[PDB]
file data-v8.cif (mmCIF, C-alpha atoms)
data_start
#
loop_
_atom_site.group_PDB
_atom_site.id
_atom_site.type_symbol
_atom_site.label_atom_id
_atom_site.label_comp_id
_atom_site.auth_asym_id
_atom_site.auth_seq_id
_atom_site.Cartn_x
_atom_site.Cartn_y
_atom_site.Cartn_z
ATOM 1 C CA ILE A 1 160.281 102.332 52.155
ATOM 2 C CA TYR A 2 162.080 98.997 51.582
ATOM 3 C CA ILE A 3 159.961 95.986 50.731
ATOM 4 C CA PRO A 4 161.931 92.820 49.907
ATOM 5 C CA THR A 5 161.563 91.205 46.496
ATOM 6 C CA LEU A 6 160.244 87.630 46.091
ATOM 7 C CA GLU A 7 163.733 86.670 44.973
ATOM 8 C CA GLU A 8 165.256 88.250 48.071
ATOM 9 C CA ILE A 9 162.845 86.139 50.117
ATOM 10 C CA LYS A 10 163.702 82.958 48.216
ATOM 11 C CA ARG A 11 167.413 83.522 48.682
ATOM 12 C CA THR A 12 166.941 84.117 52.417
ATOM 13 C CA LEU A 13 164.863 80.954 52.857
ATOM 14 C CA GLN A 14 167.635 79.070 51.072
ATOM 15 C CA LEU A 15 170.438 80.513 53.197
ATOM 16 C CA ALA A 16 168.455 79.602 56.289
ATOM 17 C CA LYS A 17 167.613 76.079 55.207
ATOM 18 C CA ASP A 18 171.294 75.360 54.531
ATOM 19 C CA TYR A 19 172.209 76.644 57.989
ATOM 20 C CA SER A 20 169.424 74.966 59.963
ATOM 21 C CA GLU A 21 166.073 73.606 58.803
ATOM 22 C CA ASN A 22 164.676 74.847 62.091
ATOM 23 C CA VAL A 23 165.682 78.443 61.400
ATOM 24 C CA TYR A 24 164.306 78.010 57.876
ATOM 25 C CA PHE A 25 160.926 76.919 59.221
ATOM 26 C CA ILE A 26 160.793 80.095 61.278
ATOM 27 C CA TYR A 27 161.367 82.234 58.167
ATOM 28 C CA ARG A 28 158.786 80.126 56.368
ATOM 29 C CA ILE A 29 156.100 80.752 58.978
ATOM 30 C CA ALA A 30 157.146 84.418 58.877
ATOM 31 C CA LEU A 31 156.389 84.420 55.145
ATOM 32 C CA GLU A 32 153.140 82.529 55.487
ATOM 33 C CA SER A 33 151.754 84.547 58.357
ATOM 34 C CA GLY A 34 153.072 88.089 58.498
ATOM 35 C CA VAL A 35 153.270 88.024 62.285
ATOM 36 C CA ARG A 36 156.275 89.172 64.321
ATOM 37 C CA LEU A 37 159.098 86.847 65.345
ATOM 38 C CA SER A 38 158.076 86.593 69.027
ATOM 39 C CA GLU A 39 154.699 85.181 68.060
ATOM 40 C CA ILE A 40 156.259 82.707 65.643
ATOM 41 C CA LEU A 41 158.501 81.435 68.437
ATOM 42 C CA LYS A 42 155.512 81.087 70.814
ATOM 43 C CA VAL A 43 153.505 78.995 68.389
ATOM 44 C CA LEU A 44 156.427 76.755 67.477
ATOM 45 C CA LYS A 45 157.079 75.925 71.139
ATOM 46 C CA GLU A 46 153.484 74.720 71.352
ATOM 47 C CA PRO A 47 152.603 73.534 67.850
ATOM 48 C CA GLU A 48 149.803 71.338 69.230
ATOM 49 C CA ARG A 49 147.491 74.299 69.775
ATOM 50 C CA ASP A 50 147.488 74.879 66.008
ATOM 51 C CA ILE A 51 144.182 74.503 64.202
ATOM 52 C CA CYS A 52 144.181 73.377 60.585
ATOM 53 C CA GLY A 53 141.134 73.688 58.436
ATOM 54 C CA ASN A 54 141.130 72.503 54.859
ATOM 55 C CA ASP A 55 142.647 75.448 53.027
ATOM 56 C CA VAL A 56 144.578 77.253 55.750
ATOM 57 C CA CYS A 57 145.618 76.991 59.395
ATOM 58 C CA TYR A 58 145.319 79.461 62.253
ATOM 59 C CA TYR A 59 146.868 79.559 65.706
ATOM 60 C CA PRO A 60 144.872 81.549 68.282
ATOM 61 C CA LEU A 61 147.009 83.955 70.280
ATOM 62 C CA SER A 62 146.400 86.826 72.643
ATOM 63 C CA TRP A 63 147.886 90.314 72.680
ATOM 64 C CA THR A 64 150.381 90.811 75.479
ATOM 65 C CA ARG A 65 151.358 94.402 74.850
ATOM 66 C CA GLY A 66 148.512 96.399 76.388
ATOM 67 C CA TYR A 67 144.920 95.213 76.786
ATOM 68 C CA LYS A 68 144.440 91.605 75.708
ATOM 69 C CA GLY A 69 142.643 90.435 72.596
ATOM 70 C CA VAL A 70 142.390 87.435 70.316
ATOM 71 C CA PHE A 71 144.258 87.210 67.036
ATOM 72 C CA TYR A 72 145.440 84.333 64.892
ATOM 73 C CA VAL A 73 148.704 83.232 63.340
ATOM 74 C CA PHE A 74 147.468 82.311 59.864
ATOM 75 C CA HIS A 75 149.565 79.881 57.870
ATOM 76 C CA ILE A 76 149.473 77.111 55.299
ATOM 77 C CA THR A 77 151.991 74.660 56.613
ATOM 78 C CA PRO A 78 151.155 72.514 59.669
ATOM 79 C CA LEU A 79 153.407 73.461 62.542
ATOM 80 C CA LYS A 80 156.296 71.424 63.855
ATOM 81 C CA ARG A 81 158.035 71.894 67.194
ATOM 82 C CA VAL A 82 160.941 74.292 67.130
ATOM 83 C CA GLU A 83 162.668 75.559 70.243
ATOM 84 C CA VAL A 84 164.828 78.635 69.609
ATOM 85 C CA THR A 85 165.176 82.163 70.953
ATOM 86 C CA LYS A 86 165.537 85.397 69.023
ATOM 87 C CA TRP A 87 169.289 84.919 69.543
ATOM 88 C CA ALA A 88 169.402 81.907 67.213
ATOM 89 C CA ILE A 89 167.840 84.238 64.647
ATOM 90 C CA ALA A 90 170.260 87.059 65.495
ATOM 91 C CA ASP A 91 173.255 84.747 65.041
ATOM 92 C CA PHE A 92 171.953 83.596 61.689
ATOM 93 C CA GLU A 93 171.572 87.102 60.306
ATOM 94 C CA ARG A 94 174.902 88.251 61.718
ATOM 95 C CA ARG A 95 176.507 85.417 59.778
ATOM 96 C CA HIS A 96 174.644 86.245 56.550
ATOM 97 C CA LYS A 97 174.654 89.933 55.643
ATOM 98 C CA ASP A 98 172.737 89.213 52.456
ATOM 99 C CA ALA A 99 169.917 87.435 54.273
ATOM 100 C CA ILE A 100 166.933 89.746 54.649
ATOM 101 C CA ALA A 101 166.198 90.410 58.339
ATOM 102 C CA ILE A 102 163.103 88.490 59.380
ATOM 103 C CA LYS A 103 161.344 91.670 60.464
ATOM 104 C CA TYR A 104 161.204 92.625 56.767
ATOM 105 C CA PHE A 105 159.169 89.537 55.871
ATOM 106 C CA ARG A 106 156.196 91.361 57.468
ATOM 107 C CA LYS A 107 156.677 94.257 55.063
ATOM 108 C CA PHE A 108 156.602 91.898 52.136
ATOM 109 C CA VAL A 109 153.511 90.030 53.308
ATOM 110 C CA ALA A 110 151.709 93.294 54.055
ATOM 111 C CA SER A 111 152.628 94.583 50.599
ATOM 112 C CA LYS A 112 151.374 91.483 48.788
ATOM 113 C CA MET A 113 148.098 91.376 50.653
ATOM 114 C CA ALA A 114 147.591 94.970 49.517
ATOM 115 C CA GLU A 115 148.084 93.949 45.851
ATOM 116 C CA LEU A 116 145.445 91.260 46.438
ATOM 117 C CA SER A 117 143.185 94.044 47.736
ATOM 118 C CA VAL A 118 143.102 92.876 51.353
ATOM 119 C CA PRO A 119 141.853 95.913 53.254
ATOM 120 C CA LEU A 120 144.534 97.469 55.415
ATOM 121 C CA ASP A 121 142.720 97.064 58.714
ATOM 122 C CA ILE A 122 142.471 93.345 57.950
ATOM 123 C CA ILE A 123 146.150 93.168 56.997
ATOM 124 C CA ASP A 124 146.851 94.747 60.400
ATOM 125 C CA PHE A 125 144.719 92.143 62.162
ATOM 126 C CA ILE A 126 146.193 89.198 60.265
ATOM 127 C CA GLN A 127 149.652 90.370 61.325
ATOM 128 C CA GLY A 128 148.695 90.536 64.965
ATOM 129 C CA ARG A 129 148.532 94.322 65.277
ATOM 130 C CA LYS A 130 146.070 96.276 67.405
ATOM 131 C CA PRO A 131 143.333 98.302 65.635
ATOM 132 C CA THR A 132 144.287 101.886 64.824
ATOM 133 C CA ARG A 133 140.684 103.049 65.116
ATOM 134 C CA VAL A 134 138.315 102.499 68.062
ATOM 135 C CA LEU A 135 135.510 102.086 65.547
ATOM 136 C CA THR A 136 136.751 99.151 63.510
ATOM 137 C CA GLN A 137 135.259 98.712 60.049
ATOM 138 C CA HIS A 138 134.746 94.946 60.469
ATOM 139 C CA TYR A 139 132.786 94.210 63.657
ATOM 140 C CA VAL A 140 131.348 90.917 62.398
ATOM 141 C CA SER A 141 132.611 88.355 61.814
ATOM 142 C CA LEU A 142 136.222 89.356 62.167
ATOM 143 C CA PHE A 143 137.702 85.874 62.059
ATOM 144 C CA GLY A 144 135.722 84.975 58.929
ATOM 145 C CA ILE A 145 136.619 88.181 57.087
ATOM 146 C CA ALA A 146 140.260 87.764 58.061
ATOM 147 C CA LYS A 147 140.251 84.106 57.014
ATOM 148 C CA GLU A 148 138.715 84.727 53.595
ATOM 149 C CA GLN A 149 141.090 87.615 53.024
ATOM 150 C CA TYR A 150 144.019 85.427 54.084
ATOM 151 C CA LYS A 151 142.969 82.600 51.758
ATOM 152 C CA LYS A 152 143.866 84.966 48.877
ATOM 153 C CA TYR A 153 147.453 85.397 50.090
ATOM 154 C CA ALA A 154 147.608 81.638 50.604
ATOM 155 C CA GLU A 155 146.525 80.915 47.035
ATOM 156 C CA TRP A 156 149.055 83.381 45.710
ATOM 157 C CA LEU A 157 151.828 81.952 47.885
ATOM 158 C CA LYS A 158 150.979 78.374 46.874
ATOM 159 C CA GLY A 159 151.454 79.242 43.198
ATOM 160 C CA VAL A 160 154.545 81.271 44.127
#
call {"tool": "encode", "arguments": {"input": "data-v8.cif", "output": "structure tokens"}}
result
Amino acid sequence: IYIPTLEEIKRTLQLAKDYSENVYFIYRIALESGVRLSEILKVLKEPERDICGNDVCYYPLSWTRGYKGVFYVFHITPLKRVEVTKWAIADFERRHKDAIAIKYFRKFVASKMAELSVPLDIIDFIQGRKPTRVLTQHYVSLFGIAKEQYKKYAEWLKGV
């Protein structure tokens, strides 16, 4: 399957930033977090609920598709308020065929976390996906395990 290259990500961030720094910031949080666009737009409408701790930040959210459950938007950069819909994003990509669709930023994040040996069930949780197994491998302490695993992607990302 297609996983974007780091260069393809950089070029997309740059196209965005030159179009709107707000749209850019959305792609940036997409790269930092691995979560899906809808969640990124939720957290940016209420950036105050963000929680920043030392090395990384995390924004507590709750599953809406199906039974509810707590997950976190992990990121490095403190949030700022951005008010857009998915249509702002759609317009931007329609106008830039060589900008990688934001949905593919997930694939890239997932792929990198693999190379850093983040276990797949934790990659799933970091990205705001529901468990694939009823009997999860990490019953305690899920937040801690996720955070320490995420701190490895953060370090990588910080050194580019």
call {"tool": "resolve_selection", "arguments": {"input": "data-v8.cif", "expression": "the PyMOL selection byres ((chain A and resi 130) around 12)", "output": "ChimeraX atom specification"}}
result
/A:62-71,121-129,131-134,136
call {"tool": "atom_distance", "arguments": {"input": "data-v8.cif", "atom1": "CA of residue 143 (chain A)", "atom2": "CA of residue 29 (chain A)"}}
result
19.3 Å
call {"tool": "residues_around", "arguments": {"input": "data-v8.cif", "residues": "residue 76 (chain A)", "least_positions_apart": "6", "cutoff": "9 Å", "atoms": "only C-alpha atoms", "output": "ChimeraX atom specification"}}
result
/A:29,32-33,52,55-58,154,158
call {"tool": "residues_around", "arguments": {"input": "data-v8.cif", "residues": "residue 98 (chain A)", "least_positions_apart": "5", "cutoff": "9 Å", "atoms": "all atoms listed in the file", "output": "list in words"}}
result
residues 8, 11, 12 and 93 of chain A
call {"tool": "write_last_selection", "arguments": {"input": "data-v8.cif", "atoms": "C-alpha atoms", "output": "PDB file, in the frame of the given file"}}
result
ATOM      1  CA  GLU A   8     165.256  88.250  48.071  1.00  0.00           C
ATOM      2  CA  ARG A  11     167.413  83.522  48.682  1.00  0.00           C
ATOM      3  CA  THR A  12     166.941  84.117  52.417  1.00  0.00           C
ATOM      4  CA  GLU A  93     171.572  87.102  60.306  1.00  0.00           C
TER       5      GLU A  93
END
call {"tool": "atom_distance", "arguments": {"input": "data-v8.cif", "atom1": "CA of residue 20 (chain A)", "atom2": "CA of residue 36 (chain A)"}}
result
19.8 Å
call {"tool": "closest_residue", "arguments": {"input": "data-v8.cif", "among": "A:160, A:35, A:41, A:144", "to": "residue 88 (chain A)", "atoms": "only C-alpha atoms"}}
result
A:41
call {"tool": "residues_around", "arguments": {"input": "data-v8.cif", "residues": "residue 111 (chain A)", "least_positions_apart": "2", "cutoff": "12 Å", "atoms": "only C-alpha atoms", "output": "list in words"}}
result
residues 1, 2, 3, 4, 5, 6, 31, 34, 104, 105, 106, 107, 108, 109, 113, 114, 115, 116, 117, 118, 119, 120, 123, 124, 127 and 153 of chain A
call {"tool": "closest_residue", "arguments": {"input": "data-v8.cif", "among": "A:27, A:40, A:74, A:18", "to": "residue 146 (chain A)", "atoms": "only C-alpha atoms"}}
result
A:74
call {"tool": "residues_around", "arguments": {"input": "data-v8.cif", "residues": "residue 48 (chain A)", "least_positions_apart": "2", "cutoff": "9 Å", "atoms": "only C-alpha atoms", "output": "list in words"}}
result
residues 43, 44, 45, 46, 50, 51, 79, 80 and 81 of chain A
call {"tool": "write_last_selection", "arguments": {"input": "data-v8.cif", "atoms": "C-alpha atoms", "output": "mmCIF file, keeping the file's coordinate frame"}}
result
data_model
loop_
_atom_site.group_PDB
_atom_site.id
_atom_site.type_symbol
_atom_site.label_atom_id
_atom_site.label_comp_id
_atom_site.auth_asym_id
_atom_site.auth_seq_id
_atom_site.Cartn_x
_atom_site.Cartn_y
_atom_site.Cartn_z
ATOM 1 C CA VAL A 43 153.505 78.995 68.389
ATOM 2 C CA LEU A 44 156.427 76.755 67.477
ATOM 3 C CA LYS A 45 157.079 75.925 71.139
ATOM 4 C CA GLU A 46 153.484 74.720 71.352
ATOM 5 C CA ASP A 50 147.488 74.879 66.008
ATOM 6 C CA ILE A 51 144.182 74.503 64.202
ATOM 7 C CA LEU A 79 153.407 73.461 62.542
ATOM 8 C CA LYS A 80 156.296 71.424 63.855
ATOM 9 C CA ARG A 81 158.035 71.894 67.194
#
call {"tool": "axis_aligned_box", "arguments": {"input": "data-v8.cif", "around": "region 90-103 of chain A", "padding_each_side": "8 Å", "output": "JSON"}}
result
{"center_x": 168.9, "center_y": 87.6, "center_z": 59.0, "size_x": 31.2, "size_y": 24.1, "size_z": 29.0}
call {"tool": "closest_residue", "arguments": {"input": "data-v8.cif", "among": "A:78, A:14, A:24, A:151", "to": "residue 49 (chain A)", "atoms": "only C-alpha atoms"}}
result
A:78
call {"tool": "atom_distance", "arguments": {"input": "data-v8.cif", "atom1": "CA of residue 110 (chain A)", "atom2": "CA of residue 150 (chain A)"}}
result
11.0 Å
call {"tool": "closest_residue", "arguments": {"input": "data-v8.cif", "among": "A:102, A:89, A:82, A:140", "to": "residue 30 (chain A)", "atoms": "all atoms listed in the file"}}
result
A:102
call {"tool": "closest_residue", "arguments": {"input": "data-v8.cif", "among": "A:22, A:103, A:84, A:149", "to": "residue 9 (chain A)", "atoms": "all atoms listed in the file"}}
result
A:103
call {"tool": "closest_residue", "arguments": {"input": "data-v8.cif", "among": "A:135, A:73, A:100, A:23", "to": "residue 147 (chain A)", "atoms": "only C-alpha atoms"}}
result
A:73
call {"tool": "decode", "arguments": {"input": "data-v8.cif", "residues": "region 35-53 of chain A", "atoms": "N, CA, C and O atoms", "output": "tab-separated table (two decimals), in the first residue's frame"}}
result
chain	number	residue	atom	x	y	z
A	35	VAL	N	-4.11	10.99	14.35
A	35	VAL	CA	-5.56	10.82	14.44
A	35	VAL	C	-6.28	11.34	13.19
A	35	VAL	O	-5.67	12.01	12.35
A	36	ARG	N	-7.55	11.01	13.05
A	36	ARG	CA	-8.27	11.36	11.82
A	36	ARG	C	-8.74	12.80	11.86
A	36	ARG	O	-8.90	13.39	12.93
A	37	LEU	N	-8.92	13.38	10.67
A	37	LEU	CA	-9.25	14.80	10.52
A	37	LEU	C	-10.35	15.30	11.48
A	37	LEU	O	-10.18	16.35	12.13
A	38	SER	N	-11.44	14.56	11.60
A	38	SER	CA	-12.56	15.00	12.43
A	38	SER	C	-12.15	15.27	13.85
A	38	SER	O	-12.63	16.22	14.47
A	39	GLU	N	-11.23	14.45	14.37
A	39	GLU	CA	-10.76	14.66	15.74
A	39	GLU	C	-9.88	15.88	15.82
A	39	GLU	O	-9.96	16.65	16.78
A	40	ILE	N	-9.03	16.08	14.81
A	40	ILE	CA	-8.18	17.26	14.77
A	40	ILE	C	-9.02	18.55	14.77
A	40	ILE	O	-8.68	19.53	15.43
A	41	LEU	N	-10.13	18.53	14.04
A	41	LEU	CA	-10.99	19.71	13.99
A	41	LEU	C	-11.71	19.93	15.33
A	41	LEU	O	-11.90	21.08	15.76
A	42	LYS	N	-12.11	18.85	16.01
A	42	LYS	CA	-12.69	18.98	17.35
A	42	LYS	C	-11.73	19.65	18.31
A	42	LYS	O	-12.09	20.60	18.99
A	43	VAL	N	-10.50	19.15	18.39
A	43	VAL	CA	-9.58	19.67	19.37
A	43	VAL	C	-9.16	21.09	19.08
A	43	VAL	O	-8.86	21.83	19.99
A	44	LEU	N	-9.15	21.49	17.81
A	44	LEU	CA	-8.73	22.85	17.48
A	44	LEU	C	-9.82	23.88	17.73
A	44	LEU	O	-9.53	25.05	17.92
A	45	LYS	N	-11.08	23.45	17.73
A	45	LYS	CA	-12.19	24.30	18.13
A	45	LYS	C	-12.23	24.53	19.64
A	45	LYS	O	-12.83	25.49	20.10
A	46	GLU	N	-11.60	23.65	20.40
A	46	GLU	CA	-11.53	23.81	21.84
A	46	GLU	C	-10.13	23.53	22.36
A	46	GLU	O	-9.93	22.61	23.15
A	47	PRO	N	-9.16	24.36	21.94
A	47	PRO	CA	-7.76	24.07	22.24
A	47	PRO	C	-7.47	24.15	23.74
A	47	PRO	O	-6.40	23.72	24.17
A	48	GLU	N	-8.40	24.70	24.52
A	48	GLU	CA	-8.15	24.96	25.94
A	48	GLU	C	-8.12	23.66	26.73
A	48	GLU	O	-7.44	23.56	27.75
A	49	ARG	N	-8.85	22.66	26.24
A	49	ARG	CA	-8.90	21.36	26.91
A	49	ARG	C	-7.62	20.57	26.73
A	49	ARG	O	-7.50	19.46	27.26
A	50	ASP	N	-6.66	21.11	25.99
A	50	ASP	CA	-5.40	20.41	25.76
A	50	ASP	C	-4.66	20.30	27.08
A	50	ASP	O	-4.84	21.12	27.97
A	51	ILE	N	-3.84	19.26	27.20
A	51	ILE	CA	-3.02	19.08	28.39
A	51	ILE	C	-1.58	18.84	27.97
A	51	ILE	O	-1.28	17.88	27.29
A	52	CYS	N	-0.70	19.75	28.37
A	52	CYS	CA	0.70	19.66	27.96
A	52	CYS	C	1.58	19.31	29.12
A	52	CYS	O	1.59	20.00	30.14
A	53	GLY	N	2.34	18.24	28.94
A	53	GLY	CA	3.22	17.79	30.00
A	53	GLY	C	4.65	17.55	29.56
A	53	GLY	O	5.00	16.42	29.19
